[PDB]
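Examination of the molecular architecture
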Amino acid sequence: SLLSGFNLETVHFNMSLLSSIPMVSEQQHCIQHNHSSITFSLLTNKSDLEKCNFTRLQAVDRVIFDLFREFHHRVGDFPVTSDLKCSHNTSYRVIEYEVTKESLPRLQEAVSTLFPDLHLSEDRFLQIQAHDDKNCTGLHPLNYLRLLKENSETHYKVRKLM
Amino acid sequence: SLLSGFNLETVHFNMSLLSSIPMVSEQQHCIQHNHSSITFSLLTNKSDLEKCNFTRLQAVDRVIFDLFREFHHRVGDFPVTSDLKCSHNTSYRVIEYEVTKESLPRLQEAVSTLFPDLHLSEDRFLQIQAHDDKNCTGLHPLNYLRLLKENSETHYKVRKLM
Amino acid sequence: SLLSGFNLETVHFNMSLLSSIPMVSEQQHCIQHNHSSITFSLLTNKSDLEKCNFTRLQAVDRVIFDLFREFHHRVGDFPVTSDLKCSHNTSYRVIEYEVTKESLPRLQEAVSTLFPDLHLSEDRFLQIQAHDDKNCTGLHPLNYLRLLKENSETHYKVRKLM
Amino acid sequence: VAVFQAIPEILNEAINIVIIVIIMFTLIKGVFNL
Amino acid sequence: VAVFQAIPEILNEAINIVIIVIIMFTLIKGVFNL
Amino acid sequence: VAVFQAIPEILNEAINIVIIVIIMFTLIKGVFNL
Amino acid sequence: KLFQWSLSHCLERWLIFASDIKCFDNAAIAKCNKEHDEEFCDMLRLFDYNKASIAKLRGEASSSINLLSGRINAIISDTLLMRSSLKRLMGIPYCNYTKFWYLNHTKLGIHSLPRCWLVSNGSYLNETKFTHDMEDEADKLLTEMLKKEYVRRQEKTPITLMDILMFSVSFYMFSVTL
Amino acid sequence: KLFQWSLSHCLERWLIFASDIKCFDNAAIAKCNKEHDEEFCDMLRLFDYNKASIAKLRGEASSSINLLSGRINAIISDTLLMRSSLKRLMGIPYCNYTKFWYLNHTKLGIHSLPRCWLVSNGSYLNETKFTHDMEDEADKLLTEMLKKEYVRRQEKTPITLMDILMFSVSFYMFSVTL
Amino acid sequence: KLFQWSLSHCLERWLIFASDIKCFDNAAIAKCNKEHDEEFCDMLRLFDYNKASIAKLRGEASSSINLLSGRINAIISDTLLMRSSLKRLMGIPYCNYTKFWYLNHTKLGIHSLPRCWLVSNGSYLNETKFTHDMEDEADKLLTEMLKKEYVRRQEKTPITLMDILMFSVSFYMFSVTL
Ligand SMILES: *[C@@H]1O[C@H](CO)[C@@H](O[C@@H]2O[C@H](CO)[C@@H](O[C@@H]3O[C@H](CO[C@H]4O[C@H](CO[C@H]5O[C@H](CO)[C@@H](O)[C@H](O)[C@@H]5O)[C@@H](O)[C@H](O)[C@@H]4O)[C@@H](O)[C@H](O[C@H]4O[C@H](CO)[C@@H](O)[C@H](O)[C@@H]4O[C@H]4O[C@H](CO)[C@@H](O)[C@H](O)[C@@H]4O)[C@@H]3O)[C@H](O)[C@H]2NC(C)=O)[C@H](O)[C@H]1NC(C)=O
Ligand SMILES: *[C@@H]1O[C@H](CO)[C@@H](O[C@@H]2O[C@H](CO)[C@@H](O[C@@H]3O[C@H](CO[C@H]4O[C@H](CO[C@H]5O[C@H](CO)[C@@H](O)[C@H](O)[C@@H]5O)[C@@H](O)[C@H](O)[C@@H]4O)[C@@H](O)[C@H](O[C@H]4O[C@H](CO)[C@@H](O)[C@H](O)[C@@H]4O[C@H]4O[C@H](CO)[C@@H](O)[C@H](O)[C@@H]4O)[C@@H]3O)[C@H](O)[C@H]2NC(C)=O)[C@H](O)[C@H]1NC(C)=O
Ligand SMILES: *[C@@H]1O[C@H](CO)[C@@H](O[C@@H]2O[C@H](CO)[C@@H](O[C@@H]3O[C@H](CO[C@H]4O[C@H](CO[C@H]5O[C@H](CO)[C@@H](O)[C@H](O)[C@@H]5O)[C@@H](O)[C@H](O)[C@@H]4O)[C@@H](O)[C@H](O[C@H]4O[C@H](CO)[C@@H](O)[C@H](O)[C@@H]4O[C@H]4O[C@H](CO)[C@@H](O)[C@H](O)[C@@H]4O)[C@@H]3O)[C@H](O)[C@H]2NC(C)=O)[C@H](O)[C@H]1NC(C)=O
Ligand SMILES: *[C@@H]1O[C@H](CO[C@@H]2O[C@@H](C)[C@@H](O)[C@@H](O)[C@@H]2O)[C@@H](O[C@@H]2O[C@H](CO)[C@@H](O[C@@H]3O[C@H](CO)[C@@H](O)[C@H](O[C@H]4O[C@H](CO)[C@@H](O)[C@H](O)[C@@H]4O)[C@@H]3O)[C@H](O)[C@H]2NC(C)=O)[C@H](O)[C@H]1NC(C)=O
Ligand SMILES: *[C@@H]1O[C@H](CO[C@@H]2O[C@@H](C)[C@@H](O)[C@@H](O)[C@@H]2O)[C@@H](O[C@@H]2O[C@H](CO)[C@@H](O[C@@H]3O[C@H](CO)[C@@H](O)[C@H](O[C@H]4O[C@H](CO)[C@@H](O)[C@H](O)[C@@H]4O)[C@@H]3O)[C@H](O)[C@H]2NC(C)=O)[C@H](O)[C@H]1NC(C)=O
Ligand SMILES: *[C@@H]1O[C@H](CO[C@@H]2O[C@@H](C)[C@@H](O)[C@@H](O)[C@@H]2O)[C@@H](O[C@@H]2O[C@H](CO)[C@@H](O[C@@H]3O[C@H](CO)[C@@H](O)[C@H](O[C@H]4O[C@H](CO)[C@@H](O)[C@H](O)[C@@H]4O)[C@@H]3O)[C@H](O)[C@H]2NC(C)=O)[C@H](O)[C@H]1NC(C)=O
Ligand SMILES: *[C@@H]1O[C@H](CO)[C@@H](O[C@@H]2O[C@H](CO)[C@@H](O)[C@H](O)[C@H]2NC(C)=O)[C@H](O)[C@H]1NC(C)=O
Ligand SMILES: *[C@@H]1O[C@H](CO)[C@@H](O)[C@H](O)[C@H]1NC(C)=O
Ligand SMILES: *[C@@H]1O[C@H](CO)[C@@H](O)[C@H](O)[C@H]1NC(C)=O
Ligand SMILES: *[C@@H]1O[C@H](CO)[C@@H](O)[C@H](O)[C@H]1NC(C)=O
Ligand SMILES: *[C@@H]1O[C@H](CO)[C@@H](O)[C@H](O)[C@H]1NC(C)=O
Ligand SMILES: *[C@@H]1O[C@H](CO)[C@@H](O)[C@H](O)[C@H]1NC(C)=O
Ligand SMILES: *[C@@H]1O[C@H](CO)[C@@H](O)[C@H](O)[C@H]1NC(C)=O
Ligand SMILES: *[C@@H]1O[C@H](CO)[C@@H](O)[C@H](O)[C@H]1NC(C)=O
Ligand SMILES: *[C@@H]1O[C@H](CO)[C@@H](O)[C@H](O)[C@H]1NC(C)=O
Ligand SMILES: *[C@@H]1O[C@H](CO)[C@@H](O)[C@H](O)[C@H]1NC(C)=O
Ligand SMILES: *[C@@H]1O[C@H](CO)[C@@H](O)[C@H](O)[C@H]1NC(C)=O
Ligand SMILES: *[C@@H]1O[C@H](CO)[C@@H](O)[C@H](O)[C@H]1NC(C)=O
Ligand SMILES: *[C@@H]1O[C@H](CO)[C@@H](O)[C@H](O)[C@H]1NC(C)=O
Ligand SMILES: *[C@@H]1O[C@H](CO)[C@@H](O)[C@H](O)[C@H]1NC(C)=O
Ligand code: NA
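Conventions adopted
Residues numbered from 1 in each chain as written, not as in the entry; some residues may be left out. Chains lettered and ligands numbered in written order. Heavy atoms only, no water. Pairing = 2+ DSSP bridges. Helix = DSSP H or I, 4+ residues; strand = E, 2+ residues; numbered from the N terminus. Contact = heavy atoms within 4.5 Å. Axes fitted to C-alpha atoms, helices over the stretch in contact; angles between N-to-C directions. Patch = residues over 30% accessible without salt bridge, like charges linked within 9 Å, V, L, I, M, F, W, Y side chains within 5 Å. Areas by Shrake-Rupley, 256 points an atom, 1.4 Å probe, with all protein chains shown as cover. Salt bridge = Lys/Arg side-chain N within 4 Å of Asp/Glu carboxyl O. Buried < 20%, exposed > 50% of the residue type's maximum accessible area, 1.4 Å probe, protein only. Buried area = accessible area lost by both parts, 1.4 Å probe. Nonpolar A, V, L, I, M, F, W, Y, C, P; charged D, E, K, R; others polar. Least-squares fit on C-alpha atoms. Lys, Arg positive; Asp, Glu negative; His and termini not counted. Charge placed at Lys NZ, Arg CZ, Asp CG, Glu CD. Polar contact = N/O pair within 3.5 Å; in protein donor to acceptor, adjacent residues only side chain to side chain. Disulfide = S-S within 2.5 Å. Donors = N, O, S within 2.8 Å, 3.2 Å for Na, K, Ca; no water. Near = heavy atom within 4 Å.

Looking at the method and resolution fields of the entry, one finds cryo-EM and 2.96 Å.

Below is the structure:
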């Protein structure tokens, strides 16, 4: 046929140099911008962190705030009963979401936007831990751009109905 | 002229097979997805239905929740004083909005997006009644796509200003 | 070269006839639609105006409400502690925003969308004064279209995170 | 019959008239040989 | 060699065969003069 | 005068030079008949 | 490609005609592959997405409409829908996506891509109010017929062969010069 | 069509020129019919919408600005406006939609579609910083002049007539062969 | 232009090839200037924006990601990203923007613009499931090769010169008629 003469060649982009655009490694459940990374871990134990004061987190650690802000807006109206706990700590940087029965749909609809294979379960916590040196493997911008587009277009549907 | 030789022919699409996409029949004030339909009636009498518990409505009747969700988000911030009453009933499925003076602008700006000839009036109720067998006549996707685009682009303007 | 034969000519659009589209004169810090204008002044003194009742402002002066609505939605969730004071007056039409420390980021991120050279400072007020006869100089639609696009796309990011 | 049908619509253009006149003269030279 | 390489791919089309036959006959008339 | 004006800009291209040389030789054969 | 969603119109009778024609030739539907500014092609994309969602999403009906929120710009042009909405709100004749007029040339047999029958004041516009568009579409049909014929000839005729024809005429003139 | 909103520029003096030219020929404005990637044409769409809203919405001034919320992508390209905003926020020279430069060929008389005079750091860019764009636009003017002439000839010349010309040369060679 | 953001690929090694080729010729990248419907060109726009943001926004890292909110449609096509997301959610083979296949003709030397290697069910599609696209792209390569050659000849050959050639053949026939 026509395709007999032609040869199939594969082109792969060099994602290592995409420092500005945040990239999402689904293999390590990691969102990395430049050298800064946030790791999403389904912890089974409750941390002793205090409630999230986002002005204080912004004043203290801007990197982690910028990294999780799009994910947090994709979570939408977090239930008041559910506990969002921020470390507010320069070294041990951890933001823990309580996966309550009421909160599980929103958190799952966000992690499945970022990490489709992360299946959140009730009676657990979603810890976003910031690392200034962890080089995550598998970084592609695609999932973060999907997150941005979902936030821009479908912000209404993720807000409370009453 | 040139048009003398040419003939004018009319092409009409076969909307009966558009089962997946919800269609809006303005002649019957009806939003139909597949065989499920929701009818918008301007009732003059107050129903005895309880307040809307949307988690319970989602658990019980997913079809009606999915059908009215875009319209409800197009209504935006419903006034607290106004009463939104849900039947929470498998058979008699009715969601009644109180058209108060404060609520009338939002409800009118939503029905005029879906059904331009439905003129809501004060001291009445907008009953959205779900029917699993009513075949509405005049079903076109256009109005529902307009609703989706208005919800995605102009969600801000329909939210409370303080 | 090729460009030696060609001549460079300048084309300027006639913005004076753009009556329908609101235009933003950054030289006078003014948003003008038709003959109606709103002037953004960084007042240093506190006015005696009452709290903003937006239903009353809409009933009384529709022109000023329509003029500042996009800017107000670009400000997003104004802090409750900060004072938004509306004149509710047909002649002396003034809406004053208190530039508190908490409110300064949102107000600056809005004025820098409309008037990039307006640097809001703490312990002051942003007075939007309506004028039915002031002909502002430098009117271009560009900044208002930027405001509309920012409101449509990035409404989520300007809402409170808890 | 497509060739004949298209001809009436756009005979106005000069180029088309010039081309057709050249074709006709070629046939005339063919007749002259015969 | 681009001219020769393209020829095999699309020799099927009639127009191309008609054109090539006309070119060959022109060369034959050139040989006749010689 | 549009024909003459365009000629100087793009005389560099070989195709254009080849075409013009062929046109000139055609006029020369016309002179030969005369 | 035009039909992104459905992967492995006439058979499913997507189009209804009052003229007794039952289908359009594949080229007529192809005429929309790169046409995002006509609402007939947008409705074709909508029907293709409907077929794809009937096939791949037959299980859950909730997802079939929970996926159309913020994702319509993937299936159809947002610009055309918003232009229709704005023209409707301004009173300008707008396209409501229902009636599509196409010029069928009886003799030559070519037809034009169906355009939207603009509706104003709740009634379809009379033919006399867009007959300028009809004349423009007839002139477009003739010009685009000849342009498409030229495009296909260029696509499947070696330009080098044409240059060889030019050189052949050249040296044939050289030969008869003697 | 370019002017969707206004339905039944030079007369209304939309464009101001410092060169003493008062208007552009209809073809110059037509050059934007399918050009959604140039801001001069976007401003033309804005002026057309302004005329339409002055005509059809003269009654209520509230609606004339309550309709521009979430509907600008219908009138103008969202991509160009957002590119301008992003380039402005990044410090890259951006188009602020005010000054438009177009190359007017004095002798041949053709001109180019006006392009945006990029502004950086609050001052218009010097001619020396986009002269590569000017040279590209001059080469584009020549190439597109010849391309448009070919397009119009193809539009209004029977390709079958050209093939008949080829066959005529063929059998004329056959005739003189004898 | 294709590279709007970076202003004054091979040098920076944007593309990784397993075939030992290290770069694409400038024309290969130019093939995306007006191509907004292919994801390889979208990734090229993303890399250009990355270079521009590395250069002009090296100071603050917060702004480098606070500017990508609501401004991606300026850099990349929203339609393609949303089509990918919808196809992924529906189970249809979708483009995840990672692998790009392009047909390299060994003898003629021309290659095609890299297209996305569609991925379904977490695994790249087998060659046997898009070989129709490969055949279409080979036919497109031949047709577009000849079309581009014709386009360039029209761009740089005086059509008036061609008409003079036609008239020259005409009066040469007139001359030999005697
Ligand atoms: C962000 O989060 C991070 C991580 O959670 C926080 O970091 C923690 O900060 C704590 C507060 O400063 C600190 O606790 C003190 O740290 C010092 C020792 O830390 C080093 O060692 C520990 C391990 O400790 C053991 O080993 C060391 C020697 O290697 C011994 O000295 C210890 O006694 C232990 O055997 C490592 O994990 C760290 O990384 C460090 O290398 C000490 O100052 C201090 O010890 C005192 O308290 C102990 C109990 O709290 C007690 O057993 C010990 O005897 C000491 O008691 C002295 O001081 C108390 C006053 O506190 C006084 O009453 C006594 O009389 C006596 O004088 C603490 O252990 C954590 O170690 C540190 N954790 C890590 C992992 O780094 C960080 O603070 C937080 N940021 C903010 C802003 O809150
Ligand atoms: C979603 O909404 C729908 C619609 O509103 C709800 O459906 C309603 O459900 C009610 C609760 O189950 C039900 O009320 C009982 O229904 C039975 C009869 O229903 C049939 O008949 C009625 C018409 O009733 C008349 O005719 C029938 C015979 O045709 C007679 O039997 C009746 O007495 C009447 O004359 C139709 O409309 C229905 O469609 C059904 O075909 C009976 O069990 C019951 O009757 C008892 O209560 C009456 C007063 O409530 C009383 O007059 C009668 O004598 C009966 O009294 C007996 O039971 C009571 C205990 O309740 C006891 O104290 C007495 O001693 C005696 O034993 C009710 O009428 C509604 O009929 C039904 N409506 C419709 C339209 O279907 C649905 O529940 C709701 N879903 C949820 C989850 O809430
Ligand atoms: C929207 O905002 C605008 C702007 O703030 C509001 O407009 C204000 O409205 C006030 C209430 O109506 C009005 O106050 C009364 O206005 C009248 C005079 O106004 C004219 O003059 C003032 C300047 O005043 C001085 O000069 C005039 C003469 O030129 C003298 O008559 C005055 O006494 C002063 O010397 C200009 O600024 C205005 O533009 C007008 O041209 C008077 O009715 C009235 O005067 C009475 O009150 C004074 C103190 O308030 C007092 O000194 C004076 O002696 C008068 O007292 C009489 O009346 C009181 C009852 O009020 C009674 O007890 C006494 O026994 C005695 O009979 C007021 O001054 C403001 O002038 C006006 N401001 C402007 C700039 O126009 C507008 O109301 C608001 N809209 C709404 C809906 O609230
Ligand atoms: C979110 O976090 C901010 C900032 O957090 C502050 O800095 C962090 C690094 C960490 O140390 C935090 O513990 C710390 O709060 C909070 O904003 C602070 O709020 C407090 C409590 O209102 C303010 O403290 C008060 O400020 C005034 C003077 O500046 C005055 O009202 C008070 O002084 C009086 O009372 C104290 C006794 O408490 C007495 O000692 C004084 O002499 C005087 O009588 C008091 O100091 C801080 O100033 C605020 N800091 C900033 C930077 O704004 C914020 O409250 C928190 N949000 C929530 C919801 O909890
Ligand atoms: C919205 O609706 C949900 C679900 O509605 C539930 O199902 C519907 C089909 C219908 O039957 C409804 O009436 C019904 O509520 C509501 O969620 C339920 O909320 C109630 C009240 O809090 C819960 O009941 C309590 O649950 C706990 C154990 O599961 C426990 O706190 C309580 O038990 C104790 O008290 C009872 C006395 O009430 C006593 O009998 C027990 O022995 C024990 O001491 C109590 O059972 C339900 O479990 C909830 N169900 C679900 C599925 O979540 C929700 O509250 C409502 N929302 C609003 C705003 O009203
Ligand atoms: C925002 O503003 C609106 C409208 O403002 C009203 O008009 C402006 C031009 C200006 O004059 C304002 O001062 C004025 O309020 C407010 O809506 C009004 O709210 C008041 C207070 O609730 C209503 O007055 C009451 O209305 C009922 C009858 O219509 C009745 O409850 C009351 O009458 C009883 O009480 C009075 C004593 O106050 C007594 O005189 C009567 O005889 C009777 O017992 C009372 O009149 C107005 O009707 C409302 N007007 C409108 C147009 O809706 C709104 O409250 C405000 N919002 C906020 C948050 O403050
Ligand atoms: C298409 O295939 C040819 C033949 O394999 C490639 O030519 C190679 O080019 C590289 C890069 O310059 C050289 O290192 C190799 O030696 C060449 N091979 C041969 C056999 O000459 C050509 O680059 C390929 N084209 C593309 C676009 O990938
Ligand atoms: C959670 O805490 C319990 C109790 O201390 C401990 O046994 C368990 O190992 C912890 N789990 C993890 C995953 O650290
Ligand atoms: C990660 O990458 C950085 C440079 O980006 C390098 O210095 C470091 O060694 C790498 N590895 C780890 C484990 O941090
Ligand atoms: C409605 O359509 C269904 C099939 O979609 C059919 O079974 C039914 O008879 C129709 N009519 C009514 C009144 O439900
Ligand atoms: C402003 O323009 C209007 C017409 O739009 C004119 O009547 C008036 O004189 C101008 N000047 C001032 C100062 O209002
Ligand atoms: C619509 O399609 C169905 C299914 O193919 C067909 O039976 C029906 O006749 C069509 N409707 C019309 C009006 O042709
Ligand atoms: C519509 O409902 C029928 C059963 O009535 C079901 O088989 C079909 O899958 C449904 N279609 C969609 C798109 O949900
Ligand atoms: C389009 O307009 C005509 C006007 O008669 C109407 O019959 C038809 O139902 C309309 N379609 C929609 C979707 O509004
Ligand atoms: C703008 O248009 C108006 C109305 O046609 C005209 O009078 C005026 O002169 C124009 N402005 C300029 C600067 O040419
Ligand atoms: C502008 O105001 C004038 C009266 O000053 C009015 O006639 C005209 O319709 C208004 N234009 C718009 C677009 O509202
Ligand atoms: C565009 O930039 C120039 C720079 O001098 C300025 O004069 C002009 O007003 C600007 N226009 C806008 C709309 O910012
Ligand atoms: C990606 O780019 C860097 C910087 O140019 C280069 O060193 C590296 O080799 C590239 N990666 C691959 C896999 O070629
Ligand atoms: C990434 O971090 C390095 C230092 O590690 C800094 O020089 C560079 O500018 C940063 N890049 C971006 C895009 O913020
Ligand atoms: C694309 O799909 C392939 C399937 O194997 C996977 O390896 C690759 O990481 C994917 N890329 C993204 C961005 O999902
Ligand atoms: Na949007």
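Still more ground to cover, so stick around.
A word on the sheet that holds strand 2 (residues 99-105) of chain H
In space, the 4 strands of this open sheet follow the order 1(H)-1(C)-2(H)-3(H), with antiparallel pairing throughout. Of all the strands in the sheet, the pair left with one neighbour each is strand 1 (15-17) and strand 3 (115-116) of chain H. Alignment of strand 1 (residues 6-13) of chain C against strand 2 of chain H, held across 7 bridges, turns out to be antiparallel. Its bridge partner being in strand 2 of chain H, C:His12 is matched across the sheet by H:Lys99. Packing against the sheet, helix 2 (residues 39-56) of chain H makes contact with strand 1 of chain C together with strand 1, strand 2 and strand 3 of chain H, and its axis sits at approximately 30° to strand 1 of chain C. Against the sheet, helix 6 (residues 131-156) of chain H contacts strand 1 of chain C together with strand 2 and strand 3 of chain H, and its axis sits at roughly 50° relative to strand 2 of chain H.

As for a nonpolar patch on the surface
Together, D:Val1, D:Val3, D:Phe4, D:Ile7, D:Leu11, D:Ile17, D:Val21, D:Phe25, D:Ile28, D:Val31, D:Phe32 and I:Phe174 line one region of the surface with nonpolar side chains, adding up to about 1200 Å² of accessible area. At the level of secondary structure, the elements contributing two or more residues to the nonpolar patch comprise helix 1 (2-6) and helix 2 (14-33) of chain D. Counting residues per element, the nonpolar patch draws most heavily on helix 2 of chain D, at 6 residues. Tracing the backbone shows D:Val1 in the segment before helix 1. Owing to a relative accessible area of 73%, D:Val1 belongs among the exposed residues under this scheme.

Some details on the interface of chain I and chain G
Contact residues are listed per partner, giving 26 residues for chain I and 29 residues for chain G. Taken together, both faces of the contact between chain I and chain G bury some 2600 Å²; the carbon and sulfur share is 71%. The largest contributions to the chain I side of the interface with chain G come from I:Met90, I:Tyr150 and I:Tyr172, which together make up 26% of the buried area. Residue I:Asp133 is joined to G:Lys1 by a salt bridge in which the shortest nitrogen-to-oxygen separation is 3.6 Å. Of all elements in the fold, only helix 5 (78-90), helix 6 (131-156) and helix 7 (159-177) of chain I reach the threshold of two or more residues within the side of chain I that touches chain G. Tallied by class, the residues present in the side of chain I that touches chain G amount to 14 nonpolar, 5 polar and 7 charged.

Side note on the relation of the copies chain I and chain G
For the match of chain I to chain G, the screw axis carries a shift of 0.2 Å, the RMSD comes to 0.0 Å, and the turn is 120°. Here the symmetry operator amounts to a three-fold rotation axis. A share of only 19% of the interface residues of chain I reappears at the interface of chain G, consistent with the copies meeting through non-equivalent patches.

A few points about the sheet that holds strand 1 (residues 15-17) of chain G
Taking strand neighbours across the sheet as the criterion, the 4 strands line up as 1(G)-1(B)-2(G)-3(G) in an open arrangement whose pairing is antiparallel. A strand with exactly one partner marks an edge of an open sheet, and here the two such strands are strand 1 and strand 3 (115-116) of chain G. Relative to strand 1 of chain G, strand 1 (residues 6-13) of chain B is paired through 3 bridges, and the arrangement is antiparallel. Across the sheet, residue B:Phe13 finds its bridge partner in strand 1 of chain G, namely G:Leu15. Each of strand 1 of chain B together with strand 1, strand 2 (99-105) and strand 3 of chain G is contacted by helix 2 (residues 39-56) of chain G, which is oriented at about 30° to strand 1 of chain B, the strand it contacts most.

Observations concerning a positive patch on the surface
On the surface, G:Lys31, G:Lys148, G:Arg152 and G:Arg153 cluster together into a positively charged patch. Mapped onto the secondary structure, G:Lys148 falls in helix 6 (residues 131-156).

Quick word on the interface of chain H and chain C
With 58 residues of chain H at the contact, the number on the chain C side is 36 residues. Carbon and sulfur atoms make up 67% of the surface buried where chain H meets chain C, a total of about 4200 Å² over both sides. Applying the counting rule to chain H against chain C returns 0 salt bridges. For the interface between chain H and chain C, the tally reads 20 residue pairs in polar contact. Every element with two or more residues in the side of chain H that touches chain C is listed here: strand 1, helix 2, helix 3 (61-66), helix 4 (72-75), helix 5 (78-90), strand 2 and helix 6 of chain H. By residue number, the principal contributor to the side of chain H that touches chain C is helix 2 of chain H, which donates 9 residues. When the residues that make up the side of chain H that touches chain C are grouped by side-chain class, the tally is 34 nonpolar, 16 polar and 8 charged.

Quick notes on unusual backbone geometry
Phi at B:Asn34 takes a positive value of approximately 55°, unusual for a residue other than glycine. Within the fold, B:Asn34 resides in the loop between strand 3 (30-33) and strand 4 (36-43).

Let's talk about the state of the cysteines
Scanning all chains against the criterion turns up 15 disulfides over all chains. The disulfide that involves A:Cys30 links it to A:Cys136, with 2.0 Å between the sulfurs. One disulfide, between A:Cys30 and A:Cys136, carries an S-S torsion of 60° and so falls in the right-handed class. Here the residue A:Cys30 occupies a position in strand 3 (residues 30-33), and A:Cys136 occupies one in the loop between strand 7 (124-131) and helix 5 (142-153), the gap between them amounting to 106 residues. What makes A:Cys136 buried here is its relative accessible area of 8%. At a sulfur-sulfur separation of 2.0 Å, the disulfide partner of C:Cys52 is C:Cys86. Between C:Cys52 and C:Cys86, the disulfide has an S-S torsion of 90° and is therefore right-handed. Remark: C:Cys86 occurs in strand 5 (residues 84-86) and C:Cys52 occurs in the loop between strand 4 (36-43) and helix 2 (54-60); sequence separation between them is 34 residues.

Structural notes on the coordination of the sodium ion (ligand 21)
The protein atoms that coordinate the sodium ion (ligand 21) are A:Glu153 (OE), B:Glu153 (OE) and C:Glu153 (OE), at distances spanning 2.3 Å. Placement of the pair is B:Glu153 in helix 5 (residues 142-153) and C:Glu153 in helix 5 (residues 142-153), with the two residues belonging to separate chains. No difference in accessibility class separates B:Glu153 from C:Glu153, as the two residues are buried.

As for the site of ligand 14
Close contacts around ligand 14 come from B:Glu26, B:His140, G:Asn96, G:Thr98, G:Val119, G:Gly122 and G:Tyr124, and that covers them all. In this structure, ligand 14 is bordered by residues of chains B and G. One of the side-chain nitrogen or oxygen atoms of G:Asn96 is found 2.3 Å away from an oxygen atom of ligand 14. G:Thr98 is positioned with one of its side-chain polar atoms (N or O) 2.7 Å from a nitrogen atom of ligand 14. Computed on the free molecule, ligand 14 has an accessible area of 360 Å², of which 65% lies beneath the protein chains in the complex. Taken together, the residues that form the shell around ligand 14 break down as 2 nonpolar, 4 polar and 1 charged.

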